[PDB]
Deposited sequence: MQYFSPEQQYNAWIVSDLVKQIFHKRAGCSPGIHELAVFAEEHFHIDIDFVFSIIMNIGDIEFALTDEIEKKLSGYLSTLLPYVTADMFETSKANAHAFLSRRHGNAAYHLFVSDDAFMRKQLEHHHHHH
């Protein structure tokens, strides 16, 4: 069981929420755990496996460092930001802190 800081869980959670809201905007309702997963891979080449592992701490990963586990999550951010508005962003940030209960730093 590898250790992942709350700030790491935070950024990882945003990714999931950005891509989610992007789903619930395109579709009318809201995603499915497995659904949203395929949606983040085929549409944004995002690796949900990696992302969920960081959150739940379940499962291991290869590039398990810090500088890496960052440029990777941030890479996803930059990829989604363009398609999300201000509200969507703030909404996911709120939900993240709500899930982690302190302010955290967003990767890049």
Ranges lacking C-alpha coordinates, please, mapped onto the deposited sequence and listed in sequence order. 102-106, 114-130
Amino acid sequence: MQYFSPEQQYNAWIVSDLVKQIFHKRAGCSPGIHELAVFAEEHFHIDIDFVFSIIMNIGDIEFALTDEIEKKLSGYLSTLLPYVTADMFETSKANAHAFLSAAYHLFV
From here on, numbers count along this sequence of modelled residues.
Higher-scoring stretch by recorded Cα B factor average, 89-97 or 10-18: 89-97
Do the C-alpha atoms of 43-51 or of 58-66 have the higher average B factor in the entry? 58-66
Hey, what third does residue 30 fall into on Cα B-factor, ranked over its chain? highest
Third of chain Cα B-factors occupied by residue 77: lowest
